[PDB]
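Everything on this sheet refers to the single structure shown next.
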Amino acid sequence: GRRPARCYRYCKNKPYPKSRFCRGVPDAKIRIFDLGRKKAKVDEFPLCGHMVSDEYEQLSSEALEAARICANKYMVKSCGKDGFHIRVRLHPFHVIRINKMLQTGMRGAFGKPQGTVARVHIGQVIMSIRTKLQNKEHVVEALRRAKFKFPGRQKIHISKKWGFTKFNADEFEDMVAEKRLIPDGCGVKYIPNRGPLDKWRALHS
Amino acid sequence: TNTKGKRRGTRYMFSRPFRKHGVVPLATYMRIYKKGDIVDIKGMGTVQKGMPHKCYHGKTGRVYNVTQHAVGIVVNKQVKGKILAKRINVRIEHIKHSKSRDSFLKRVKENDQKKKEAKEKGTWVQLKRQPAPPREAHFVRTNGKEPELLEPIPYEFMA
Amino acid sequence: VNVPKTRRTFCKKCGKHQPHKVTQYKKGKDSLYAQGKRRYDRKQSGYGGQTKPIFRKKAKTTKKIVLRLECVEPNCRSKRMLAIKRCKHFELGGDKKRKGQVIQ
Amino acid sequence: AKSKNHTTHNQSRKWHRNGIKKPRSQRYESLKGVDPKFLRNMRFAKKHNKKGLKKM
RNA sequence: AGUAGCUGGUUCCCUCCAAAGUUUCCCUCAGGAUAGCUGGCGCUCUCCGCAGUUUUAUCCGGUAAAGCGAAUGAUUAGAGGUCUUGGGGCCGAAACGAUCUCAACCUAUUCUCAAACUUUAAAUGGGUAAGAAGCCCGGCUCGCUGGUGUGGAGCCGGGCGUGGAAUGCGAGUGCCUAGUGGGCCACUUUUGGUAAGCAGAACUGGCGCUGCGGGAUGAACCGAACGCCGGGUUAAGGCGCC
RNA sequence: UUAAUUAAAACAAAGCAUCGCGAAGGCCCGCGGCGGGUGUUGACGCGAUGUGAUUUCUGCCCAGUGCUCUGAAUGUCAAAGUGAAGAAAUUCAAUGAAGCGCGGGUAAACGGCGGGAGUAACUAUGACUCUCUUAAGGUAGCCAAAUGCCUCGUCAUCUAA
RNA sequence: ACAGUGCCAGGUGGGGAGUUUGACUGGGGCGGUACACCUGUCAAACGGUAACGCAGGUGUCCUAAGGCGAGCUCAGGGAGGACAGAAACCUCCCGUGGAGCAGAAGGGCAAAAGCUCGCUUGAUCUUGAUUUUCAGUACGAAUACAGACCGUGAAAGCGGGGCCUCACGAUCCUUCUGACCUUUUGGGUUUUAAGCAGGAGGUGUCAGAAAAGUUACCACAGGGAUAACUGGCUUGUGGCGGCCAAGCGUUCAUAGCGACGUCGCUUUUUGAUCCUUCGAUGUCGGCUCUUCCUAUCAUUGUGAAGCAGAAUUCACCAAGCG
RNA sequence: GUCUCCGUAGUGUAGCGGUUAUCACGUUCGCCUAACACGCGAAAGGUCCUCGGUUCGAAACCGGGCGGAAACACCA
RNA sequence: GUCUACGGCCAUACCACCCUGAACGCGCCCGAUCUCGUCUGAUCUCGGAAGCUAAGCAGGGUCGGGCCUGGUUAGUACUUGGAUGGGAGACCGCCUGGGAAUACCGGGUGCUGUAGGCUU
Ligand SMILES: [Mg+2]
Ligand SMILES: [Mg+2]
Ligand SMILES: [Mg+2]
Ligand SMILES: [Mg+2]
Ligand SMILES: [Mg+2]
Ligand SMILES: [Mg+2]
Ligand SMILES: [Mg+2]
Ligand SMILES: [Mg+2]
Ligand SMILES: [Mg+2]
Ligand SMILES: [Mg+2]
Ligand SMILES: [Mg+2]
Ligand SMILES: [Mg+2]
Ligand SMILES: [Mg+2]
Ligand SMILES: [Mg+2]
Ligand SMILES: [Mg+2]
Ligand SMILES: [Mg+2]
Ligand SMILES: [Mg+2]
Ligand SMILES: [Mg+2]
Ligand SMILES: [Mg+2]
Ligand SMILES: [Mg+2]
Ligand SMILES: [Mg+2]
Ligand SMILES: [Mg+2]
Ligand SMILES: [Mg+2]
Ligand SMILES: [Mg+2]
Ligand SMILES: [Mg+2]
Ligand SMILES: [Mg+2]
Ligand SMILES: [Mg+2]
Ligand SMILES: [Mg+2]
Ligand SMILES: [Mg+2]
Ligand SMILES: [Mg+2]
Ligand SMILES: [Mg+2]
Ligand SMILES: [Mg+2]
Ligand SMILES: [Mg+2]
Ligand SMILES: [Mg+2]
Ligand SMILES: [Mg+2]
Ligand SMILES: [Mg+2]
Ligand SMILES: [Mg+2]
Ligand SMILES: [Mg+2]
Ligand SMILES: [Mg+2]
Ligand SMILES: [Mg+2]
Ligand SMILES: [Mg+2]
Ligand SMILES: [Mg+2]
Ligand SMILES: [Mg+2]
Ligand SMILES: [Mg+2]
Ligand SMILES: [Mg+2]
Ligand SMILES: [Mg+2]
Ligand SMILES: [Mg+2]
Ligand SMILES: [Mg+2]
Ligand SMILES: [Mg+2]
Ligand SMILES: [Zn+2]
């Protein structure tokens with residue numbers, strides 16, 4: 001139904017968002033970016049692996065949907081439906097056009113919206129998985145399988161940050177002990193030595 | 001093609017800076033402009049009268065006429081292979097005294113004094129500027145501290 | 001466009017602002033003995049058919065309204081033409097606008 | 001048929017063959033375009049310059 | 001000897017200089033006029049001026065990047081409040097009584113974005129200045145301005161050469177003027193298109209107009225530009241044999 | 001019948017049907033006239049068209065475009081003529097030929113001749129009904145016809161196909 | 001006294017004459033207007049910059065929506081108040097503009113440029129200079145002044161149209177307005193006519209001819225600047241083939257298949273483009289004849305099956321022979 | 001494909017920027033008739049296809065959709 | 001130390017809340033005969049001087065929000081010029097120069113001109 005993904009692999013056009021100028025864009029193939037036990041607290045899943053893009057290219061919303069299912073099914077089978085949390089880190093905002101031929105030719109060749117893609121840079125995280133530290137093997141295998149749904153080269157990388165947080169795993173526990181970090185569900189709020197001293201009193205009372 | 005509109009492409013050029021809209025400070029209107037002065041042209045979108053044309057925004061000219069509200073400026077404009085001395089009428093909101101010559105006038109006064117003062121003291125002083133010379137030989141004391149050894153760091157995939 | 005039937009404007013004969021009667025200008029009927037109409041008649045006579053262009057491709061849908069001013073000074077009565085912009089609807093001394101009224 | 005539409009290629013090469021000469025500068029510029037009221041008095045100032053000739 | 005904005009042809013040598021396929025207007029699109037690019041003839045001076053350059057000062061800017069716990073727009077996930085509004089429940093005599101529960105809402109966070117968003121904000125870039133047409137004194141004219149013999153401009157006389165960054169270079173100026181007005185290619189940037197030895201732009205440089213060494217071969221690549229010669233040395237490329 | 005790429009289903013034809021004209025006329029020629037052809041003619045004739053033997057039949061539409069008929073009753077309407085103003089040039093008014101407008105006729109004149117929905121006791125159709133609608137809304141016939149896109153329509157016959 | 005003829009006048013008059021029947025354009029036509037203009041973007045931080053590039057607008061509207069002055073403050077929200085409720089009107093508070101300013105958009109604007117009142121006609125008369133497009137021409141539009149008459153305000157001041165960026169038109173001709181105007185030919189008076197200056201009547205193909213078709217009966221000058229074959233680049237579409245493995249296969253992913261995805265190859269499909277050929281490369285199909293490819297239907301030699309045999313399916317070397 | 005046009009009670013249809021959204025049929029209630037039809041007197045019932053916008057007020061006017069129907073598509 | 005009138009720059013000056021304000025001021029404040037204007041002496045205008053710093057206003061405070069300014073981000077991203085560099089490409093590295101911005105961390109919290117007062 002759609003052209004082979006080699007036709008829209010490269011970031012050749014400027015970003016083309018669905019806006020008030022580009023009307024008629026069909027809905028993206030991927031509508032869910034978080035799945036698994038999304039409600040696990042920050043402290044339940046210390047491990048985090050990433051699928052990191054090694055190329056500057058465009059991924060179709062179809063391949064994001066395909067990879068998500070691929071990585072999600074393998075985790076449900078090797079860790080259980082409540083043993084992980086998957087977050088797809090790319091959103092298909094750039095719109096790809098089509099100049100449909102059956103005949104004007106190249107006259108009036110500007111194309112109609114055909115789909116959506118995510119523009120991914122080198123070193124940019126495609127999708128992330130957080131789970132328990134004893135499932136590190138199953139995370140790598142899930143992301144290794146999902147690579148086959150994407151064009152180009154992607155690298156797997158087990159992060160040093162605690163879960164989906166921005167704070168290193170080697171010190172995350174210490175910061176929570178002294179109330180520099182406050183769990184707020186999947187993540188942690190950061191407490192600076194700033195602001196009204198009342199907020200400090202509340203945290204220490 | 002494009003349009004020949006007078007203010008095409010001035011969306012940002014003539015807009016006011018961030019959180020600097022509103023009333024125009026009155027010192028803008030208290031400046032004294034004299035024939036021969038050098039002024040930098042800068043269109044201000046708050047006042048739409050006497051607006052300089054976009055091609056003159058960011059150019060520097062010379063005042064030749066002074067009226068109640070505006071001045072006449074002789075400003076070079078390049079059109080293709082020739083440069084034309086153009087005469088524009090610009091309300092004094094859209095100009096400011098150029099400080100490019102002030103450094104020169106400061107130097108002239110300093111030059112003349114040194115020229116005058118040194119003459120009565122029978123000495124030759126330098127007056128002409130010079131380009132920065134290569135730095136002269138010098139000693140670097142170590143203060144009994146071995147220079148810190150530097151090494152390249154290992155690669156890490158901090159992705 | 002709505003224009004008052006009077007306006008105090010400049011009179012060239014008087015050299016000072018004066019009240020003026022305002023009316024719309026209307027082209028007068030063509031003279032048969034104007035040099036241009038006399039030359040045309042002689043050229044259009046005999047054989048040869050039409051000799052001048054006849055304009056067909058009309059594009060404008062309105063005209064510039066010219067107001068005929070007259071000085072109301074009994075001694076001066078000087079007149080002047082005063083053209084305004086294009087308008088599809090033009091009237092003299094129509095009902096003046098009212099604000100804060102219920103429109104029925 | 002269709003042809004090229006516009007370009008400025010080769011144009012800065014032609015402009016510089018005879019140099020992009022700056023406008024000529026004279027020590028006396030024309031009073032064209034200066035304020036008519038101020039020019040009227042300047043003419044009057046010049047017109048009676050000879051009145052104070054002996055004093056000078 | 002009809003006219004032809006169209007096809008074809010247009011006859012000796014050497015020397016010197018040497019283009020354009022671009023601007024605007026045209027029933028203009030296979031053509032003209034126009035500016036540009038060219039040539040010729042000079043002339044006014046010279047043995048201060050100028051510059052496809054940097055330096056030093058000083059302005060101009062909103063692209064690259066970045067931002068979205070900053071405005072606009074788009075957008076993922078949980079978390080804490082919640083009666084200020086609803087869906088379900090749910091004990092009733094029943095109410096804003098009790099009870100949860102899911103939603104909207106609000107508050108802090110969180111994922112991801114913009115050619116027609118932006119608080120920030122480069123590099124490269126554009127303008128100006130770097131003196132004698134300057135600086136500093138005394139005076140005079142005014143019908144302009146005016147509390148003021150104030151202001152401004154103009155004019156007269158006088159005094160100051162360490163000619164006030166680097167570098168390079170002789171400059172200025174005027175007539176007459178042909179051809180051209182189908183272009184095309186490459187690095188980078190860039191629009192449309194799946195792409196194209198595709199169509200359309202910016203910058204510079206090329207081919208066209210140009211041979212020569214290398215790329216076996218080749219309009220454009222790499223090196224390098226050319227009077228007729230000898231010797232020497234090289235470039236880019238090479239050194240089994242051809 | 002296209003001499004020299006088309007011999008035909010094309011043209012003609014008898015038959016049929018219109019139309020103009022009674023001679024100072026119809027139709028036509030001619031630069032010209034007491035000019036000329038039809039015409040040495042006279043409506044069973046001459047002139048202008050369509051269809052195309054016979055057989056059978058030739059339905060509806062005059063709104064459109066044509067053609068035609070009636071006209072001071074009568075809007076517009078040239079020159080010339082008439083009247084008034086003026087020094088005159090000139091201007092103005094009154095009057096009002098044909099033709100156009102107005103009203104009839106005419107299709108063997110050019111031509112034209114619908115759409116939607118519901119409805120019969122299985123289903124299907126739908127004689128029947130409702131509705132919008134035009135100047136008529138395609139009648140008798142005929143048809144995948146030299147005329148039907150879909151289409152190599154569907155059924156039957158002709159073949160092993 | 002009409003026919004008729006001579007000369008004028010009105011109608012009819014493709015019977016006949018002459019002529020026209022735009023341009024751009026991924027060939028032309030059809031379609032659009034990228035033909036005169038304006039906003040944002042493209043556009044690569046001065047300016048400029050193309051495409052039948054993208055998102056839009058214009059041929060108007062306004063006696064006030066122009067001008068001045070004064071006085072106010074808007075969208076939205078919160079909380080209160082008979083009927084009154086989501087929504088009527090009153091009150092208090094918050095409110096950087098989240099409103100409004102004729103319109104497209106962008107910019108600008110808070111004791112205002114918005115809203116409401118009061119007075120008004122600077123939308124008037126006039127000579128030059130300048131800017132924008134630019135050839136440094138015209139128009140159009142705009143900017144500073146200058147000279148008169150004015151309005152408004154207590155006044156400073158502001159105003160010669162609309163907050164800024166668009167909203168428009170030469171020559172010739174016609175019409176109007178102006179002067180104790182010039183000429184009206186030998187002089188004078190007077191009608192007329194012509195001059196001079198400023199408006200309007202319009203050219204939207206918008207620097208401005210007056211303009212319908214058809215040609216298969218066709219013609220000339222050209223064009224490979226340009227379409228209809230081949231060939232060339234490309235390969236979207238077509239064809240063929242891999243990779244991952246959710247499923248299918250009773251069981252069992254992979255004997256045989258294979259979704260969601262993804263990577264390729266081919267030029268026996270169609271496109272896209274217009275490089276060669278228009279002083280001509282004979283345009284479909286069949287027939288005949290040779291040759292070549294392999295992506296193998298058969299045959300030879302093989303491997304694997306959900307291969308008992310038979311039949312079949314998948315795969316290998318393989319184009320010798322059909 | 002380009003261009004033009006159309007969506008209103010159950011059906012077919014009017015609407016001349018401010019309507020009690022027109023007409024006919026249909027449905028319902030009551031008379032009439034032994035009953036039916038015809039007929040007479042009444043009643044009800046429009047998601048103005050949908051979203052946005054101008055307007056003091058949009059069924060209408062202007063745009064974006066959702067379905068529908070015409071006209072073209074030629075020279076090889 | 002500080003205020004009043006008029007200002008320049010226009011948040012280091014703003015916003016929220018709390019504390020403190022001698023003197024003179026600036027105010028709140030008391031009235032409507034006159035001037036003037038309102039549905040309303042609320043505002044505006046006019047005539048005053050019983051009271052009060054309650055508020056405005058001034059100074060200060062807040063591990064305050066904002067704002068200003070540094071650090072980090074980082075010689076990172078981006079970039080001028082170069083190569084017969086790599087790679088099928090996408091892109092990337094190096095040579096020669098220039099060189100950012102968040103988050104995060106710190107510091108600051110109006111200066112000042114003219115005139116005239118108060119403060120032994
Ligand atoms: Mg592109
Ligand atoms: Mg005649
Ligand atoms: Mg050209
Ligand atoms: Mg000849
Ligand atoms: Mg000849
Ligand atoms: Mg030609
Ligand atoms: Mg023309
Ligand atoms: Mg040629
Ligand atoms: Mg820009
Ligand atoms: Mg960016
Ligand atoms: Mg090209
Ligand atoms: Mg050539
Ligand atoms: Mg050359
Ligand atoms: Mg060469
Ligand atoms: Mg080679
Ligand atoms: Mg040699
Ligand atoms: Mg023959
Ligand atoms: Mg024959
Ligand atoms: Mg007939
Ligand atoms: Mg018949
Ligand atoms: Mg008829
Ligand atoms: Mg028919
Ligand atoms: Mg029938
Ligand atoms: Mg038959
Ligand atoms: Mg048959
Ligand atoms: Mg005729
Ligand atoms: Mg003819
Ligand atoms: Mg053409
Ligand atoms: Mg640039
Ligand atoms: Mg005001
Ligand atoms: Mg004036
Ligand atoms: Mg206004
Ligand atoms: Mg006489
Ligand atoms: Mg034919
Ligand atoms: Mg033909
Ligand atoms: Mg060609
Ligand atoms: Mg082809
Ligand atoms: Mg394919
Ligand atoms: Mg199974
Ligand atoms: Mg080409
Ligand atoms: Mg040949
Ligand atoms: Mg041959
Ligand atoms: Mg041949
Ligand atoms: Mg094989
Ligand atoms: Mg006290
Ligand atoms: Mg009071
Ligand atoms: Mg207090
Ligand atoms: Mg703070
Ligand atoms: Mg302070
Ligand atoms: Zn008068």
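Identifiers in the structure tokens: chain A, B, ... in order shown; residue index from 1 per chain; ligand index from 1 in order shown.
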*Go through the chains and note each residue within 9 Å of ligand 28, using only C-alpha atoms (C1' of nucleotides) and all ligand atoms, then give the set as a ChimeraX atom specification.*
/D:1 /G:23-25,28
*With a cut-off of 12 Å and counting only C-alpha atoms (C1' of nucleotides), select all residues of chain D in contact with chain G and give the selection as a ChimeraX atom specification.*
/D:1-9,31-40
Those residues you just picked out, can you put them in a file as a short mmCIF file (atom, residue, chain, number, x, y, z; two decimals), in the first residue's frame with C-alpha atoms?
data_model
loop_
_atom_site.label_atom_id
_atom_site.label_comp_id
_atom_site.auth_asym_id
_atom_site.auth_seq_id
_atom_site.Cartn_x
_atom_site.Cartn_y
_atom_site.Cartn_z
CA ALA D 1 9.91 25.76 -24.73
CA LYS D 2 11.09 26.48 -21.20
CA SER D 3 14.31 28.33 -20.43
CA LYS D 4 16.27 29.53 -17.43
CA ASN D 5 14.39 32.03 -15.28
CA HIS D 6 16.90 34.13 -13.33
CA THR D 7 20.45 34.04 -12.06
CA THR D 8 23.19 36.28 -10.76
CA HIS D 9 25.95 33.81 -11.63
CA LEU D 31 22.98 72.32 -1.18
CA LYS D 32 20.29 70.45 -3.12
CA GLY D 33 17.56 69.13 -0.85
CA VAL D 34 18.35 71.17 2.27
CA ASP D 35 15.62 72.96 4.18
CA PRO D 36 14.19 75.78 2.02
CA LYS D 37 13.70 78.03 5.05
CA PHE D 38 17.29 77.54 6.21
CA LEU D 39 18.66 77.98 2.68
CA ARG D 40 16.77 81.26 2.30
#
*Mind the document's chain letters and residue numbers, and return as JSON, numbers by chain the residues of segment 101-157 of chain A that DSSP labels helix (DSSP H, G or I).*
{"A": [133, 134, 135, 136, 137, 138, 139, 140, 141, 142, 143, 144, 145, 146, 147, 148, 149]}
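Residues within 12 Å of residue 34 of chain A, counting only C-alpha atoms (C1' of nucleotides) and excluding same-chain residues fewer than 2 positions away, are residues 30, 31, 32, 36, 37, 38, 39, 65, 68, 69, 72, 84, 85, 86, 87, 88, 89, 90, 91, 127, 128, 129, 130, 164 and 186 of chain A; 76, 77, 78 and 111 of chain E.
Set the cut-off at 12 Å, count only C-alpha atoms (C1' of nucleotides), and the residues of chain B near chain I turn out to be residues 19, 20, 21, 22, 23, 24, 25, 26, 27, 28 and 30 of chain B.
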_Residue neighbourhood segment 129-145 of chain B, 10 Å, only C-alpha atoms (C1' of nucleotides), exclusion window fewer than 4 positions, as a list in words_ = residues 107 of chain B; 55, 56, 130, 164, 165 and 166 of chain E
Contacts of chain C with chain F up to 12 Å, shortest pair per row, only C-alpha atoms (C1' of nucleotides), as a tab-separated table:
residue	atom	partner	partner_atom	distance
C:31	CA	F:90	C1'	11.6
C:32	CA	F:90	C1'	10.7
C:33	CA	F:90	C1'	10.4
Next, the residues of the selection above should be written as a PDB file, in the first residue's frame with N, CA and C atoms.
ATOM      1  N   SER C  31     -19.714  67.618 -27.825  1.00  0.00           N
ATOM      2  CA  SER C  31     -19.955  68.603 -28.867  1.00  0.00           C
ATOM      3  C   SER C  31     -19.679  68.000 -30.235  1.00  0.00           C
ATOM      4  N   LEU C  32     -20.510  68.357 -31.211  1.00  0.00           N
ATOM      5  CA  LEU C  32     -20.271  67.938 -32.584  1.00  0.00           C
ATOM      6  C   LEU C  32     -19.172  68.742 -33.254  1.00  0.00           C
ATOM      7  N   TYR C  33     -18.786  69.879 -32.679  1.00  0.00           N
ATOM      8  CA  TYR C  33     -17.877  70.807 -33.333  1.00  0.00           C
ATOM      9  C   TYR C  33     -16.572  70.969 -32.568  1.00  0.00           C
TER      10      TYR C  33
END
For a quick test of understanding: name the residues of chain C lying within 8 Å of chain G when counting only C-alpha atoms (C1' of nucleotides), and present them as a PDB file with C-alpha atoms, in the first residue's frame.
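What follows is the written file result.pdb:
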ATOM      1  CA  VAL C   1     -19.311  56.112   0.755  1.00  0.00           C
ATOM      2  CA  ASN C   2     -21.386  58.880   2.334  1.00  0.00           C
ATOM      3  CA  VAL C   3     -20.431  62.525   1.810  1.00  0.00           C
ATOM      4  CA  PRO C   4     -22.019  65.665   3.315  1.00  0.00           C
ATOM      5  CA  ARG C   7     -18.049  71.310   3.450  1.00  0.00           C
ATOM      6  CA  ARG C   8     -15.959  74.289   4.524  1.00  0.00           C
ATOM      7  CA  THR C   9     -12.811  73.927   2.425  1.00  0.00           C
ATOM      8  CA  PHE C  10     -10.395  76.141   0.513  1.00  0.00           C
ATOM      9  CA  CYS C  11     -11.600  78.448  -2.249  1.00  0.00           C
ATOM     10  CA  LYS C  12      -8.997  79.507  -4.790  1.00  0.00           C
ATOM     11  CA  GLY C  15      -7.987  82.490  -1.028  1.00  0.00           C
ATOM     12  CA  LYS C  16      -9.602  81.461   2.260  1.00  0.00           C
ATOM     13  CA  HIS C  17     -11.740  78.657   3.625  1.00  0.00           C
ATOM     14  CA  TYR C  25     -19.834  65.630 -11.349  1.00  0.00           C
ATOM     15  CA  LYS C  27     -19.768  64.228 -17.917  1.00  0.00           C
ATOM     16  CA  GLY C  28     -21.292  66.704 -20.329  1.00  0.00           C
ATOM     17  CA  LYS C  29     -22.679  65.686 -23.686  1.00  0.00           C
ATOM     18  CA  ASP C  30     -20.163  65.634 -26.519  1.00  0.00           C
ATOM     19  CA  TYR C  33     -17.877  70.807 -33.333  1.00  0.00           C
ATOM     20  CA  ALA C  34     -14.970  69.987 -31.050  1.00  0.00           C
ATOM     21  CA  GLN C  35     -11.871  69.596 -33.188  1.00  0.00           C
ATOM     22  CA  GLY C  36     -11.531  65.952 -32.194  1.00  0.00           C
ATOM     23  CA  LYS C  52     -10.168  54.256 -35.022  1.00  0.00           C
ATOM     24  CA  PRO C  53     -10.053  51.555 -32.339  1.00  0.00           C
ATOM     25  CA  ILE C  54     -13.227  50.645 -30.474  1.00  0.00           C
ATOM     26  CA  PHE C  55     -12.355  49.598 -26.937  1.00  0.00           C
ATOM     27  CA  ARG C  56     -13.925  46.279 -25.892  1.00  0.00           C
ATOM     28  CA  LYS C  57     -11.932  44.696 -23.059  1.00  0.00           C
ATOM     29  CA  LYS C  58     -13.431  46.668 -20.177  1.00  0.00           C
ATOM     30  CA  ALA C  59     -12.120  45.660 -16.751  1.00  0.00           C
ATOM     31  CA  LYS C  60     -12.960  48.387 -14.226  1.00  0.00           C
ATOM     32  CA  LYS C  64     -13.564  57.704  -9.364  1.00  0.00           C
ATOM     33  CA  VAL C  66     -15.589  63.690  -8.624  1.00  0.00           C
ATOM     34  CA  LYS C  79     -16.233  75.938  -8.771  1.00  0.00           C
ATOM     35  CA  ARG C  80     -13.645  73.201  -8.369  1.00  0.00           C
ATOM     36  CA  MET C  81     -13.345  69.476  -9.008  1.00  0.00           C
ATOM     37  CA  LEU C  82     -12.361  67.199  -6.122  1.00  0.00           C
ATOM     38  CA  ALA C  83     -11.899  63.508  -6.898  1.00  0.00           C
ATOM     39  CA  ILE C  84     -12.178  60.801  -4.252  1.00  0.00           C
ATOM     40  CA  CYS C  87     -16.588  53.153  -4.614  1.00  0.00           C
ATOM     41  CA  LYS C  96     -25.212  59.831   9.439  1.00  0.00           C
TER      42      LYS C  96
END
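Near chain A, within 10 Å and using only C-alpha atoms (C1' of nucleotides), the residues of chain E are residues 73, 74, 75, 76, 77, 78, 79, 80, 108, 109, 110, 111, 112, 113, 114, 115, 116, 190, 191, 192, 193, 194, 195, 198 and 199 of chain E.
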*Could I get the residue neighbourhood of ligand 49 at 9 Å, counting only C-alpha atoms (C1' of nucleotides) and all ligand atoms, as a PyMOL selection string?*
chain I and resi 13+58-59+110
Keeping N, CA, C and O atoms (P, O5', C5', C4', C3', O3' and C1' of nucleotides) for every residue in the selection just given, could you write it to a file as a PDB file, in the first residue's frame?
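Ended up saving to part-v3.pdb:
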ATOM      1  P     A I  13      15.250  44.529  41.818  1.00  0.00           P
ATOM      2  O5'   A I  13      14.453  45.885  41.592  1.00  0.00           O
ATOM      3  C5'   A I  13      14.528  46.945  42.540  1.00  0.00           C
ATOM      4  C4'   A I  13      13.673  48.121  42.136  1.00  0.00           C
ATOM      5  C3'   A I  13      12.423  47.763  41.336  1.00  0.00           C
ATOM      6  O3'   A I  13      11.357  48.650  41.669  1.00  0.00           O
ATOM      7  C1'   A I  13      13.763  49.225  40.076  1.00  0.00           C
ATOM      8  P     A I  58       8.102  53.632  47.347  1.00  0.00           P
ATOM      9  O5'   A I  58       8.911  54.065  48.642  1.00  0.00           O
ATOM     10  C5'   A I  58       9.726  55.227  48.644  1.00  0.00           C
ATOM     11  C4'   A I  58      10.489  55.354  49.937  1.00  0.00           C
ATOM     12  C3'   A I  58      11.321  54.149  50.335  1.00  0.00           C
ATOM     13  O3'   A I  58      12.578  54.118  49.689  1.00  0.00           O
ATOM     14  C1'   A I  58      10.041  54.849  52.181  1.00  0.00           C
ATOM     15  P     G I  59      13.290  52.720  49.363  1.00  0.00           P
ATOM     16  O5'   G I  59      13.770  52.182  50.777  1.00  0.00           O
ATOM     17  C5'   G I  59      14.860  52.783  51.452  1.00  0.00           C
ATOM     18  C4'   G I  59      15.050  52.179  52.817  1.00  0.00           C
ATOM     19  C3'   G I  59      15.226  50.673  52.861  1.00  0.00           C
ATOM     20  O3'   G I  59      16.538  50.255  52.539  1.00  0.00           O
ATOM     21  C1'   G I  59      13.662  51.322  54.495  1.00  0.00           C
ATOM     22  P     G I 110      16.946  47.147  45.865  1.00  0.00           P
ATOM     23  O5'   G I 110      16.669  48.425  44.965  1.00  0.00           O
ATOM     24  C5'   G I 110      17.508  49.565  45.024  1.00  0.00           C
ATOM     25  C4'   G I 110      18.399  49.634  43.817  1.00  0.00           C
ATOM     26  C3'   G I 110      19.107  50.953  43.580  1.00  0.00           C
ATOM     27  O3'   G I 110      20.272  51.090  44.374  1.00  0.00           O
ATOM     28  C1'   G I 110      18.159  50.182  41.558  1.00  0.00           C
TER      29        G I 110
END
Within 10 Å of ligand 5, which residues show up when you count only C-alpha atoms (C1' of nucleotides) and all ligand atoms? List them as a PDB file with N, CA, C and O atoms (P, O5', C5', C4', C3', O3' and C1' of nucleotides), in the first residue's frame, please.
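Printed below is selection_39.pdb as written:
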ATOM      1  P     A E   1      12.488  42.632 -60.566  1.00  0.00           P
ATOM      2  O5'   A E   1      13.430  41.983 -59.465  1.00  0.00           O
ATOM      3  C5'   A E   1      13.273  40.627 -59.076  1.00  0.00           C
ATOM      4  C4'   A E   1      13.780  40.402 -57.676  1.00  0.00           C
ATOM      5  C3'   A E   1      13.047  41.183 -56.592  1.00  0.00           C
ATOM      6  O3'   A E   1      12.991  40.413 -55.398  1.00  0.00           O
ATOM      7  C1'   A E   1      15.320  41.791 -56.590  1.00  0.00           C
ATOM      8  P     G E   2      11.777  39.399 -55.161  1.00  0.00           P
ATOM      9  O5'   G E   2      10.775  40.223 -54.243  1.00  0.00           O
ATOM     10  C5'   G E   2      10.588  41.620 -54.421  1.00  0.00           C
ATOM     11  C4'   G E   2       9.430  42.126 -53.600  1.00  0.00           C
ATOM     12  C3'   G E   2       9.540  41.913 -52.097  1.00  0.00           C
ATOM     13  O3'   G E   2      10.235  42.970 -51.457  1.00  0.00           O
ATOM     14  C1'   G E   2       7.438  41.132 -52.862  1.00  0.00           C
ATOM     15  P     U E   3      11.508  42.677 -50.530  1.00  0.00           P
ATOM     16  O5'   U E   3      10.887  42.237 -49.137  1.00  0.00           O
ATOM     17  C5'   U E   3      10.251  43.178 -48.290  1.00  0.00           C
ATOM     18  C4'   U E   3       9.503  42.488 -47.183  1.00  0.00           C
ATOM     19  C3'   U E   3      10.317  41.537 -46.323  1.00  0.00           C
ATOM     20  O3'   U E   3      11.011  42.199 -45.282  1.00  0.00           O
ATOM     21  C1'   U E   3       8.342  40.461 -47.027  1.00  0.00           C
TER      22        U E   3
END
